[PDB]
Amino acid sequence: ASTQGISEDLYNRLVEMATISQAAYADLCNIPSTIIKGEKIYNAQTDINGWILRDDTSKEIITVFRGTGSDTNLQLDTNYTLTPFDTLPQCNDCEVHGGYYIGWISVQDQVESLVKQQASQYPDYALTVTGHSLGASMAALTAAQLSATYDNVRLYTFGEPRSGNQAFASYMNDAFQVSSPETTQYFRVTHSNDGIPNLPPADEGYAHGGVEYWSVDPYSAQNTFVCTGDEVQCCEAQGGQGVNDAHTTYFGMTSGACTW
């Protein structure tokens, strides 16, 4: 359930996608120059904002969701009602976040048309879904959906809320090889006493998935714990409340905007 320290390469990929998630709050700020910016993801009734990127130097298609940046996004945040994840039958007995399901159904067609449009050109490329805060959960619902059709799908999240019940957790765990940290393709990154991945309350049947990568201060790869199994530990053990400095800044990069 816990070991300290991760490879540099691994730490760098984490810091690397953590830079894309925060860059989304602006206009994909100083993101790696190896990647090409694709089409914008938008729906004005929910204010979901995302992007489709492609790295012709790395060989992957990346989908990035911007987190909460408006009151409309805030209305999706506070809704803790569970609802059948009717878009994915496969997921046996799953239910996901209420407000996040409102957002997901509002971009699914867009994301799936935009994603296949890129894959059908590069069947070679692997799919990656990343995001911070609500953007982070949006990426989970997305990855889950996508991964039922494509195979090589990775997922990196930062400050991810509890998006779903145990039925959904164990679904992601099977589909993303969480059984072990040498095969995991779902990286649930948490920071210090970030109190966001603690909501919504688990007393309500919510539950986390993926393999937890715990970051302590100072950042570092030597200061990142690999947390697994099911019990209280790491980020959940610090009991942060909600929306705190630990949340907004990841690996020393604030959502607010650029400095990287």
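All residue numbers are counted from 1 along the displayed sequence.
Participant: For the stretches 101 to 109 and 129 to 137, which has the higher mean C-alpha B-factor as given in the deposited record?
Facilitator: Looking at the recorded C-alpha B-factors, 101 to 109 comes out higher on average.
Participant: Which is higher on mean Cα B factor in this entry, 31 to 39 or 228 to 236?
Facilitator: Looking at the recorded C-alpha B-factors, 228 to 236 comes out higher on average.
Participant: By the entry's C-alpha temperature factors, tell me which of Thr190, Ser163, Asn152, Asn79 sits highest.
Facilitator: Within the set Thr190, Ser163, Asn152, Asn79, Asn152 shows the top C-alpha B-factor.
Participant: So among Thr57, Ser70, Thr63, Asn198, who wins on Cα B-factor in the entry?
Facilitator: It is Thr57.
Participant: Hey, what third does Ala207 fall into on Cα B-factor, ranked over its chain?
Facilitator: Bottom third by C-alpha B-factor.
Participant: Mind checking which third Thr157 falls in for C-alpha B-factor across the chain?
Facilitator: For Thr157, whose C-alpha B-factor we compare with every modelled residue in the chain, the answer is the lowest third.
Participant: Based on the deposited C-alpha B factors for this chain, I'd like to know if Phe85 is in the lowest, middle or highest third.
Facilitator: Its C-alpha B-factor, which the entry lists for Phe85, ranks in the middle third among residues of this chain.
Participant: Using the B-factors in the PDB entry, rank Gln75's C-alpha atom against the chain and give the third, lowest, middle or highest.
Facilitator: It falls in the top third of the chain.
Participant: Can you work out whether the C-alpha temperature factor of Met17 puts it in the lowest, middle or highest third of the chain?
Facilitator: Ranked within chain, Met17 CA B lands in the lowest tercile.
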